[PDB]
């Protein structure tokens, strides 16, 4: 309206639209202009580094707590890790970007590497949960178009306790929303072993998990056929 005139004016001048204390972490504000704060800037470089390693905010919080840092709120770290203010840009409505006059803290190369970690995260729901299967979001139903889901079935039969794992199309799981498509339900241990052998011809657990997401796009299953779509 009439007050958008004032906010666009600062962007053309390379100035930030956020100068409030507590909302400009890593920067001191002097006469409405930003200047690095060595105490807080050192944490940001430390935060960006660890997030690349852990590729998770919660894992980032837990490691920072072991370094004496006070753990901020979750959304606090996400905003910090996705705000291009720290590689030297000022933006109106997060879609009109201009290089600011302030000194950046994070390299422009590192910033976008982080952004691809979040991008990959969004395409893989629950990938950072303790229970995420080895192939959490990699298996797709050929006959069905829907994604397979890991399933852990344990039973007590005649006193003895058994434990079994499976990968089944989501149609077998959500019976209130989806009709079964007649696609095979594979033993988890048998399919995982099959994927391993094939990946070999082309580390801890979560190291495996992520290593697969980097060199496989999606895995297709058509009955007994496993066709890996390499990335």
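Numbering follows the first chain given and starts at 1.
Asks: Between residue 202 and residue 203, what class does the number of missing deposited residues fall in: none, 1 to 3, 4 to 9, or 10 or more?
Replies: The entry leaves 10 or more residues without coordinates here.
Asks: For the stretches 212-220 and 15-23, which has the higher mean C-alpha B-factor as given in the deposited record?
Replies: It is 212-220 that shows the higher mean C-alpha B-factor.
Asks: Mean C-alpha B-factor higher for 28-36, or for 158-166?
Replies: According to the entry, 158-166 carries the higher average C-alpha B-factor.
Asks: Among 174, 184, 63, 45, where is the Cα temperature factor highest, going by the PDB entry?
Replies: Within the set 174, 184, 63, 45, 63 shows the top C-alpha B-factor.
Asks: Considering every modelled residue of the chain and its Cα B-factor in the PDB entry, is residue 77 in the lowest, middle or highest third?
Replies: According to the entry, residue 77 has a C-alpha B-factor in the chain's lowest third.
Asks: Ranking every modelled residue in this chain by its Cα temperature factor as given in the entry, which third contains residue 87?
Replies: As the PDB entry reports it, the C-alpha B-factor of residue 87 lands in the middle third of its chain.
Asks: Using only modelled residues of the chain, where does the Cα B factor of residue 101 rank: lowest third, middle third or highest third?
Replies: Answer is middle: the recorded C-alpha B-factor places it there.
Asks: Lowest, middle or highest third of the chain for the C-alpha temperature factor of residue 113?
Replies: For residue 113, whose C-alpha B-factor we compare with every modelled residue in the chain, the answer is the lowest third.
Asks: Name the third of the chain's ranked CA B-factors that contains residue 95, choosing lowest, middle or highest.
Replies: Its C-alpha B-factor belongs to the highest third of this chain's values.
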